[PDB]
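Asks: Got a structure for you, questions after.
Here the Cβ is made from the backbone with ideal geometry for all residues, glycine too, and neighbour counts use every protein chain on show. What follows draws every value from the coordinates through simple rules; no lab data is involved.
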Amino acid sequence: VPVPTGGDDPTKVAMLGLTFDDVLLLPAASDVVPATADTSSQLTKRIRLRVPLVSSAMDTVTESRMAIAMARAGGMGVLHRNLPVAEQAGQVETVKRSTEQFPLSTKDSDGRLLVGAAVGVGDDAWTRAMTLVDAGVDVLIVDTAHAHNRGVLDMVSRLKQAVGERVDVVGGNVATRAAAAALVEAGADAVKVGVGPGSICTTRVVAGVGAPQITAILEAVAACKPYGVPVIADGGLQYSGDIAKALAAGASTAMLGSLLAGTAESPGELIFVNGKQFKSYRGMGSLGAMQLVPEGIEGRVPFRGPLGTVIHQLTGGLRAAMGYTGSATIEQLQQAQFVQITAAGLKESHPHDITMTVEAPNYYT
Amino acid sequence: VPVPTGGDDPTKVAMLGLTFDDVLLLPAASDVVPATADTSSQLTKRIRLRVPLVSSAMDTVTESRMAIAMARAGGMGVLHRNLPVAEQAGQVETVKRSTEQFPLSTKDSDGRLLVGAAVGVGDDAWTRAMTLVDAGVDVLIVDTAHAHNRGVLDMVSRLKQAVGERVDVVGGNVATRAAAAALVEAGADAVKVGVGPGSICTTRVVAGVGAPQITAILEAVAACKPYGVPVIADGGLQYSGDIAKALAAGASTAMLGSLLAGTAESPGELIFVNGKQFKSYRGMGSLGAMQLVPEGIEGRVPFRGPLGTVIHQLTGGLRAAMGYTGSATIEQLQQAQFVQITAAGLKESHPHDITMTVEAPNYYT
Amino acid sequence: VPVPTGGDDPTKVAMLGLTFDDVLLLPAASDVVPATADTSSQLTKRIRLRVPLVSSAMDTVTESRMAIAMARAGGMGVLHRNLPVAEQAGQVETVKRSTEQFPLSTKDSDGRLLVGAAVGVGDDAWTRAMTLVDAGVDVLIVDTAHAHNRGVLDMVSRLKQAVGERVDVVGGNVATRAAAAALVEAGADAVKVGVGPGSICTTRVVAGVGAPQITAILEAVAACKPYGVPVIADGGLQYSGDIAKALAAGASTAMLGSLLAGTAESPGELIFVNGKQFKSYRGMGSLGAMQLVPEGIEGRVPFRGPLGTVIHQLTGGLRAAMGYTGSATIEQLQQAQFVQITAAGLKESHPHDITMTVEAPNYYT
Amino acid sequence: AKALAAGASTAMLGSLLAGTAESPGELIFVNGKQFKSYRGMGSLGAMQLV
Ligand SMILES: O=c1[nH]cnc2c1ncn2[C@@H]1O[C@H](COP(=O)(O)O)[C@@H](O)[C@H]1O
Ligand SMILES: O=c1[nH]cnc2c1ncn2[C@@H]1O[C@H](COP(=O)(O)O)[C@@H](O)[C@H]1O
Ligand SMILES: O=c1[nH]cnc2c1ncn2[C@@H]1O[C@H](COP(=O)(O)O)[C@@H](O)[C@H]1O
Ligand SMILES: O=c1[nH]cnc2c1ncn2[C@@H]1O[C@H](COP(=O)(O)O)[C@@H](O)[C@H]1O
Ligand SMILES: [K+]
Ligand SMILES: [K+]
């Protein structure tokens, strides 16, 4: 009679959550060469990228240099809002103002690099949004930790009613089906997914609130796909296989954090420790970033070098996944099968019982 | 109505995958003494080996010396293809040219040692295949990472059409029932199973594509057994118990990698570090081997000595398993029962809370 | 249509196995003080012990001194058979020949201590059994690794017909319901359960054959309880909680290995290393003991002191469990219920986030 | 050369010749390198007592 996990209510424990490490992609009938796979994906309803990657709107990840590098690499960049409005407008103008070196670069009709800007909620946020629209940004990301709030939905509706025909609107982070449906009703052009899985996040420990990324993406897609609203998986990605898994679950774009923190094109200066090169990386809710219960931490990540090499490694991993699953395009990769694995399967997936003597470019010891 | 793991599609997560560490063999009513067990099994539809083990077609594992030693021990070796065609034909001839020391040695109708050769897919691959068939090879392995490709199936069909009655053709690695069925339709005499579980493989991390080995073997056997096509489990084997589990899942032969890399007959030079002996071991998709998005790593494995001792230890483990399950032959072992175990059972299986003071021959720290 | 774990046969993976670390005992309505709990249980159909613990028939655990100490403490000992027949008969006589100090001591009708002896399978085993019976042993354990063999059943039946009215017969190790039923029908007076879980056993690694101990005990009890044949859980016990769980699963007696190997009454010289004390402990299938594929290891265990202290600690833990479950007797403990835990619950069970400064007498680091 | 210059007519060699192939003793292997045993006539082993 009672639920096997306790109590009398079968809906107290709603579901079982899968993360990236819980699943693998099943090989299928393939006629696709990895080098001929088209990796174009809809970032929003009206924007298409050549490489479905986006830089995180974090103070140690994305600024004008990183935004330019990402737009040239074929993706896009979202500028962080941990700075005054005038400076952010200057960054937007700098990005918009900047031949054959980058065939995959993302540009508008006026031939200038695309860029995105992150805004909060409030009348101050309204002023910032209007200033950034005047500065000519292409997409505004309403950035909130919990986007199922009434205020966030009202802000999204206001922005769409005001500057809808000019810029695109991307909703704050969600983790359920109802939240995604509410964001789509409000009129958001894209839905960003993830609450907890950030590499520097401590929401699941401090507050005990979170959701595994694969299940959250599946639910959000089940809510957004009938209306054609793209999904951006945000946070939790460590390898290119994770990107492939996120895209195969239904997410149209992936937003990268610590994978782009150690690049040269990122803000922040180099740090030397025992002859090794590291760079700082902190969450936007960290104790320093707030300058109060922090919801993030501070740390250092190894230096990685030029952004082009990292983006090419990630794209190569995605192309290999597409070749394995027989996916000509991302839209076909979004219908690939999944297989769940156990902890033993997890340690079988990684290299095992071998003393790695030299690092691979796409896999770090 | 919604799937407990998210979404509305019940087939999005196809199945739960079991690896070697997830299962154990159930003891059964036995009348078999381990010393009198018959370990012979079919490699292809026409070749039967006295010991159901095959060396991997890797440049650090199998060459003429290892192939000759494996053929003498009762198994077989497969020469790799990371070298020019003329040299590979020379290795084939060297093996074929080379009485009571090895009663279990595998020989053809002329009394010459059996040996196999690995080829790719393409026109140069076809030239290599014709050269090797002229050189006198016994089995040709169409060795590809993803064998459900239309080109690989066409290559297998061409090889069977041309030289089908002289040599046998073994298909590339598959991981699903559909791929094994496609290979069987294409005319393959044996199906090789496994995508990901290699000790040096990084496909499941770089691309996020893979499948646990026990489930893959079960599915491929379900596809192949009604048509009498043998199955060769490739990758992931670390102990003799793993070999017994693979053969119990339905596989007719096991292909060994890192277990044969530390032997004397394997190519490579001995390495001394801090009083200990190792040998290099690299995957055929590693950056060192491809000369880029590599799909392998490089490392070192401890030195284990002569091949015959290792083969005897593995065969003793297999005979112990056959005696435990009451299996007179491998075909009777292929119907043994499995019990699924958890991580706590996983640590209980290995020795626990004991300070091992001397290494056993078949269990290494 | 297909099985979720692979293939078309739902009985290929027969069941899910639970070990000691996967379950906990559920508290129930209790009117039992831990001091008034009756810990007596049946060893065989005609022999009742005051303490349901038995020493292992190993050459590093039980000899005359250990057998005498165990019989004095309220349990029993089983003399190993890795020595000539005359020496074993001498050990039996030494135990028999050997007052308020030990009021719980187990004695036969004549007032002499009880002892058990281990015999193999064969004609030499028959001669050894006859010599031991002449020497006056009370219980013969047909000690085999796999007791579902036809020879083991024949030996048990022959011994039961020969000296069944003078001694009791205990069957070798089983792990399935069918094996226990076969042993019971063969006429065994007690059934010993366990294949793999020994702390020095490598069968699950070498042969890949085994069964988790809780599930094996449950199956064997389901086979044996209707006929009133007791069950002895052998191997895998590390704490008094494990003893309580084993008895609650249906086992009537527990056989202890490494928990008694480091005591003062165990054979062997005390070994000093780094200012601390250890004693040798090796499996009967280890290469050192066999003097050929080994299925055991050698090692050292920390010195623990007199046997009486260890037995008192174990009995205190068992009495605490009996008080928690409200079990006046062991037969009432054999009906307590279990709760299945996960890995997180497993690490919650042990002490966590605390630096232990002094070792508790019953909980060891 | 220095010893002969000081006035010595002949030099007697010890460890300079111990490792040669013509010296008695079994060749020993350590870390893949080759070494040979050398001990003094007053060593504890050679005596077989300060
Ligand atoms: O301080 C923080 N707390 C919680 N989430 C954060 C914080 N800073 C950034 N995030 C989010 O977590 C993601 C981390 O990305 P990752 O490093 O790729 O996992 C970012 O892209 C943001 O969406
Ligand atoms: O670089 C590589 N990537 C992926 N698979 C590989 C690579 N090199 C070899 N393999 C396969 O993986 C297997 C590994 O076997 P193992 O060393 O026994 O785990 C080999 O026998 C090959 O079939
Ligand atoms: O070499 C061996 N291999 C396998 N089982 C063994 C061996 N020696 C003893 N055993 C059994 O395994 C048990 C181990 O007890 P434990 O150390 O308390 O787990 C012994 O009591 C025997 O029943
Ligand atoms: O045990 C010993 N103690 C002291 N001198 C020794 C001993 N054995 C040999 N010698 C002398 O020391 C010399 C060592 O030569 P060297 O190896 O060139 O230094 C020998 O040639 C002997 O003359
Ligand atoms: K792997
Ligand atoms: K064990």
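Residue-wise test of (1) within 19 Å of the chain's Cα centre (by Cα); (2) more than 16 Å from ligand 5 (Cβ to nearest atom).
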{"site": "B:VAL229", "(1), (2)": "yes, yes"}
{"site": "B:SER258", "(1), (2)": "yes, no"}
{"site": "B:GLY268", "(1), (2)": "no, yes"}
{"site": "B:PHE272", "(1), (2)": "no, yes"}
{"site": "B:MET290", "(1), (2)": "no, yes"}
{"site": "B:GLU298", "(1), (2)": "no, no"}
{"site": "B:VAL301", "(1), (2)": "yes, no"}
{"site": "B:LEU307", "(1), (2)": "yes, yes"}
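To keep it simple, each residue is scored yes or no on (1) away from ligand 4 (no atom under 16 Å from the Cβ); (2) within 23 Å of C:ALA249 (Cα to Cα); (3) in contact with a helix residue (DSSP H, G or I) (Cβ under 7 Å, 6 or more places away or on another chain).
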| site | (1), (2), (3) |
| --- | --- |
| C:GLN161 | yes, no, no |
| C:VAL193 | yes, yes, yes |
| C:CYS201 | yes, yes, no |
| C:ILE214 | yes, yes, yes |
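Table: residues versus (1) within 14 Å of chain C (Cβ to nearest Cβ); (2) more than 16 Å from B:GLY308 (Cα to Cα).
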residue	(1), (2)
B:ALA28	yes, yes
B:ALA37	yes, yes
B:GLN42	no, yes
B:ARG48	no, yes
B:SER55	no, no
B:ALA67	no, no
B:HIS80	no, yes
B:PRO84	no, yes
B:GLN88	no, yes
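Asks: Name every residue in segment C:237-267 that is closer than 20 Å to C:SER40 by Cβ and in a loop (DSSP other than H, G, I, E, B), in order of residue number.
Replies: Across segment C:237-267, the qualifying residues are C:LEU237, C:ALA249, C:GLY250, C:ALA251, C:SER252.
Asks: Taking the condition of being facing another protein chain (nearest Cβ under 7 Å) and of a type outside the set (D, E, K, R), how many residues in segment B:326-365 meet it?
Replies: First, the residues of segment B:326-365 that are facing another protein chain (nearest Cβ under 7 Å): B:337-346, B:348-358, B:360-363.
Among the residues that remain, those that are also of a type outside the set (D, E, K, R) are: B:337-346, B:349-352, B:354-358, B:360-363.
So the count comes out to 23.
Asks: Also, I was wondering about something else. Does segment C:91-99 contain any residue that is within 23 Å of C:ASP234 (Cα to Cα) and out of contact with any helix residue (DSSP H, G or I) (no Cβ under 6 Å at 6 or more places or on another chain)?
Replies: No - not one qualifying residue is present in segment C:91-99.
Asks: If you scan segment C:132-179, which residues turn out to be among the small types (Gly, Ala, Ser), buried (at least 23 other Cβ atoms within 10 Å of the Cβ) and under 21 Å from C:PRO84 (Cα atoms)? Steps first, please.
Replies: Our first condition is that a residue be among the small types (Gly, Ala, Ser); within segment C:132-179, this holds for C:135-136, C:145, C:147, C:151, C:157, C:162, C:164, C:171-172, C:175, C:178-179.
The next check asks that each one be buried (at least 23 other Cβ atoms within 10 Å of the Cβ); those that pass are C:147, C:171-172, C:175, C:179.
Listed by number, the list holds a single entry, C:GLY172.
Asks: If C:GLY236 satisfies all but one of (1) more than 9 Å from ligand 3 (Cβ to nearest atom); (2) at positive phi, what's the number of the condition it fails?
Replies: (1)
Asks: Only one of A:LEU346, A:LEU292, A:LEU307 is of a type in the set (A, V, I, L, M, F, W, C), touching a strand residue (DSSP E or B) at 6+ places or on another chain (Cβ under 9 Å) and away from ligand 3 (no atom under 16 Å from the Cβ); which?
Replies: A:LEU307
Asks: Limited to segment A:317-340, what total is found for residues that are surrounded by 21 or more Cβ atoms within 10 Å (Cβ to Cβ) and either closer than 13 Å to A:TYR239 by Cα or under 22 Å from the mean Cα position of the chain (by Cα) (or both)?
Replies: Our first condition is that a residue be surrounded by 21 or more Cβ atoms within 10 Å (Cβ to Cβ); within segment A:317-340, this holds for A:317-325, A:327, A:330, A:333, A:336, A:338-339.
Cutting the leftovers down to either closer than 13 Å to A:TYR239 by Cα or under 22 Å from the mean Cα position of the chain (by Cα) (or both) gives us A:317-322, A:327, A:330, A:333, A:336, A:338.
Qualifying residue count, segment A:317-340: 11.
Asks: Shifting gears a bit: Regarding D:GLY40, is this residue within 15 Å of the chain's Cα centre (by Cα) and of a type in the set (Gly, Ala, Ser)? Before the answer, list the steps.
Replies: Numbers: within 15 Å of the chain's Cα centre (by Cα): yes; of a type in the set (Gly, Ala, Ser): yes.
For D:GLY40, the condition - within 15 Å of the chain's Cα centre (by Cα) and of a type in the set (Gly, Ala, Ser) - is met.
Asks: Taking segment A:80-102, which residues are touching a strand residue (DSSP E or B) at 6+ places or on another chain (Cβ under 8 Å) and under 22 Å from A:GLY299 (Cβ atoms)? Let's see the steps before the verdict.
Replies: Keep residues of segment A:80-102 that are touching a strand residue (DSSP E or B) at 6+ places or on another chain (Cβ under 8 Å), which gives A:80-81, A:88, A:91-92, A:95-96, A:98.
Scanning segment A:80-102 gives A:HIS80, A:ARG81.
Asks: Please specify each residue of segment C:307-340 satisfying the condition of being of a type in the set (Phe, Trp, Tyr) and out of contact with any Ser or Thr (no Cβ under 8 Å at 6 or more places or on another chain).
Replies: So the first thing to find is which residues in segment C:307-340 are of a type in the set (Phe, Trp, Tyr), and the list is C:324, C:338.
Result: C:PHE338, single match.
Asks: When you go through (1) away from ligand 6 (no atom under 16 Å from the Cβ); (2) part of a helix (DSSP H, G or I); (3) touching a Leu at 6+ places or on another chain (Cβ under 9 Å); (4) within 14 Å of chain C (Cβ to nearest Cβ) one by one for B:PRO226, which number turns out not to apply?
Replies: (3)
Asks: Against the condition more than 16 Å from ligand 1 (Cβ to nearest atom), surrounded by 23 or more Cβ atoms within 10 Å (Cβ to Cβ) and either more than 10 Å from every other protein chain (Cβ to nearest Cβ) or assigned to a helix (DSSP H, G or I) (or both), how does B:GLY288 come out, does it pass?
Replies: Values: more than 16 Å from ligand 1 (Cβ to nearest atom): yes; surrounded by 23 or more Cβ atoms within 10 Å (Cβ to Cβ): no; either more than 10 Å from every other protein chain (Cβ to nearest Cβ) or assigned to a helix (DSSP H, G or I) (or both): yes.
No.
Asks: Further question on the same structure: Considering only segment A:291-322, state which residues are of a type in the set (A, V, I, L, M, F, W, C) and more than 14 Å from every other protein chain (Cβ to nearest Cβ). First the steps, then the outcome.
Replies: Taking segment A:291-322 first, the residues of a type in the set (A, V, I, L, M, F, W, C) are A:292-293, A:297, A:301, A:303, A:307, A:310-311, A:314, A:318, A:320-322.
A:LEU292, A:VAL293, A:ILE297, A:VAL301, A:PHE303, A:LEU307, listed by residue number.
Asks: How about segment C:126-147: which of its residues are in contact with a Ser or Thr (Cβ under 8 Å, 6 or more places away or on another chain), aliphatic (A, V, I, L, M) and more than 16 Å from C:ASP110 (Cβ to Cβ)? Even if it seems obvious, please write down each step before you answer.
Replies: So the first thing to find is which residues in segment C:126-147 are in contact with a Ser or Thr (Cβ under 8 Å, 6 or more places away or on another chain), and the list is C:139, C:145-146.
If we keep only those that are aliphatic (A, V, I, L, M) too, we end up with C:139, C:145.
Correct list: C:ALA145 only.
Asks: Considering segment C:232-272 alone, what residues qualify as being of a type in the set (S, T, N, Q) and either more than 13 Å from chain B (Cβ to nearest Cβ) or in contact with a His (Cβ under 7 Å, 6 or more places away or on another chain) (or both)? Before the answer, list the steps.
Replies: As a first pass, look at segment C:232-272 and keep what is of a type in the set (S, T, N, Q): C:238, C:240, C:252-253, C:258, C:263, C:266.
Across segment C:232-272, the qualifying residues are C:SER240, C:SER252, C:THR253, C:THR263, C:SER266.
Asks: Which number in (1) buried (at least 24 other Cβ atoms within 10 Å of the Cβ); (2) touching a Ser or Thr at 6+ places or on another chain (Cβ under 8 Å) marks the one condition that A:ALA186 misses?
Replies: So the condition that A:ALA186 fails would be (1).
Asks: Of everything in segment C:338-365, what is in contact with a helix residue (DSSP H, G or I) (Cβ under 8 Å, 6 or more places away or on another chain) and not in a helix (DSSP H, G or I)? Give them in sequence order.
Replies: Within segment C:338-365, C:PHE338, C:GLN340, C:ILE341, C:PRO361, C:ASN362 meet the criteria.
Asks: Restrict the check to segment D:10-22 and report whether at least one residue is away from chain B (no Cβ under 14 Å) and either within 16 Å of ligand 6 (Cβ to nearest atom) or of a type in the set (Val, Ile, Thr) (or both). Can you show your working first?
Replies: Quick first cut of segment D:10-22, residues away from chain B (no Cβ under 14 Å) only: D:10-22.
If we keep only those that are either within 16 Å of ligand 6 (Cβ to nearest atom) or of a type in the set (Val, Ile, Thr) (or both) as well, we get D:10, D:20.
Yes, the conditions are met somewhere in segment D:10-22.
Asks: What residue, among those in segment B:341-365 that are more than 25 Å from C:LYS12 (Cβ to Cβ) and of a type in the set (A, V, I, L, M), is surrounded by the most Cβ atoms within 10 Å (Cβ to Cβ)?
Replies: Of segment B:341-365, the ones more than 25 Å from C:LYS12 (Cβ to Cβ) are B:351-365.
Filter again for of a type in the set (A, V, I, L, M), leaving B:354, B:356, B:358, B:360.
Values: B:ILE354: 20, B:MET356: 16, B:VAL358: 11, B:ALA360: 24.
Once the filter is applied, the top-ranked residue is B:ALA360.
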